[PDB]
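Take a look at this one chain, the form deposited in one PDB entry, written out in structure tokens.
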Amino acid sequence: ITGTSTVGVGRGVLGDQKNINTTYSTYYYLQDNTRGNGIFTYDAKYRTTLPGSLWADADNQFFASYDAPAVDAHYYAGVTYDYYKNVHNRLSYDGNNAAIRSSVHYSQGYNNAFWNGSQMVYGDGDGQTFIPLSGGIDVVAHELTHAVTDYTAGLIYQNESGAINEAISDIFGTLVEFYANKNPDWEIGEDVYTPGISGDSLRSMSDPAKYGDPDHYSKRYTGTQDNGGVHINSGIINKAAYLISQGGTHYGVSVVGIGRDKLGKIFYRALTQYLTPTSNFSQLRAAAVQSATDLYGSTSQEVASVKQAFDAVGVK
């Protein structure tokens, strides 16, 4: 809509206050004109028609329970935009400042959130398995990173390529969570998963085995469920990424940690320059090594640590 750029205030799913960029024309709309071609957040009104109505509010105050998923979808889309622009010089998910559109209150009791090829879609959860999923910045950034992948390498969504696709989204979801630096960790979805249970998450990058996911290539899932285990086998790559950043000794292999920023630069360059739709784990290792070589030199600690981490998870 056409209007004046304003700044509202509200509370997110977890009860935290934040400012949101809005547009004023009779109503205040969740339309952020400060980022690219805009960030737009919509009310799906418990239906499955998309996108729904551009979110309209009478007073630019967003403290109602019903407002909270929209506040967070809108704000965390902005954080994700800021991460990719400030850290990687990437303008929105397509690198050409595409508008970021999000719909909340999608369906009823819907325990999922997804990038659908042109927008984000957030269920409210059933209140037991999940609370509204836009409350998780790593979920928001994980899903927006699928769009980044779609517009670059084009990794399919099955078998090893699909597990890489998933891991890339977990890696940058986590790096966005650290970039926002409110309550970061190496877990996925902890803020919105199982409100009755503290200390759990959907999966752990630091210790995938905590939830039964593999932390070594020899433990990879080879069945047909989950498109060949894309959310399971991602643990092998997630563990490698965790090791590259934080270091550690894993199955007897010592990894010197190089920190989060270099992890992100290495994997971002691998994704955008070297991966292809059918890249497998071994080809991801090669891409990460070449990326670290480009950025830091063949004799660098960064290259050596990439090799150590992939050795530690059994990917040659």
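The numbering used is simple: start at 1 and walk along the sequence shown.
Form solved in complex with a partner chain: not shown, discussed below.
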- Query: Among 238-246, 108-116, 69-77, 174-182, which stretch has residues with heavy atoms no more than 4.5 Å from the partner chain in the entry with it bound?
  - Reply: 108-116
- in the entry with it bound, does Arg203 have a heavy atom within 4.5 Å of the partner chain? yes
- Query: Quick one: is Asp226 in contact with the partner chain in the entry with it bound, heavy atoms, 4.5 Å cut-off?
  - Reply: yes
- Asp213 near the partner chain in the entry with it bound, any heavy atom under 4.5 Å? no
- Message: Check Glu143 for me: does it contact the partner chain in the entry with it bound (non-hydrogen atoms, 4.5 angstroms)?
- Response: yes
- Item | the partner chain in the entry with it bound reached by all of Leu133, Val139 and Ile188, non-hydrogen atom within 4.5 Å | yes
- Query: Taking the partner chain in the entry with it bound as the reference, which of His231, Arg220, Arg101, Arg90 has a non-hydrogen atom within 4.5 Å?
  - Reply: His231
